[PDB]
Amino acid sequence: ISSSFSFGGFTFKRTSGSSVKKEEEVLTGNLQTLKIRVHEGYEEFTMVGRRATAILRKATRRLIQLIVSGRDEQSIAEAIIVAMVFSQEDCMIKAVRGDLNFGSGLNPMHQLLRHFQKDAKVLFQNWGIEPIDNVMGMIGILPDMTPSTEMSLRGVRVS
């Protein structure tokens, strides 16, 4: 473990890789120009929350893989939201549908998080899906947060 921090009520422990923060300007789906510290590099984490856990593999503004384990669908959705925000993917940025400011949180990453925690339907809808293969212990999760053995949110599996 080369780093431990908390984000969105999950403890992230970095198990591999590294990154450097670079300030960058992005345009939200509400057409707000935001300055964010983009994490540049490939990293793997375990995420541990009160009600769910996950493995997250990610690179610069890119979710590679997320395998989530939770008690119920709500708990799994929470982990998925945090991971999608933390990924900094432009898809997630473009799913934003209101203004973000200090009203929402102390930095833009928290503002984005709070935005999607209120309502993740546009995020989940716009993220993308993919067919999946069969793997013991794992299943797909659709945008409406129901399970599927056939398709899943892009890069996401439930254990």
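In this text, residue numbers run from 1 along the sequence as written.
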{"property": "Residue range whose averaged C-alpha B-factor is higher in the record, 133-141 or 9-17", "result": "133-141"}
{"property": "Mean temperature factor over C-alpha atoms, higher-scoring stretch between 82-90 and 68-76", "result": "68-76"}
{"property": "Third of the chain's Cα B-factor distribution that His39 belongs to, per the entry", "result": "middle"}
{"property": "Cα B factor band for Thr46 (lowest, middle or highest third within the chain)", "result": "lowest"}
{"property": "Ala59 CA temperature factor, ranked by third within the chain", "result": "middle"}
{"property": "For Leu123, the third of its chain into which the C-alpha B factor falls", "result": "lowest"}
{"property": "For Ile1, the third of its chain into which the C-alpha B factor falls", "result": "highest"}
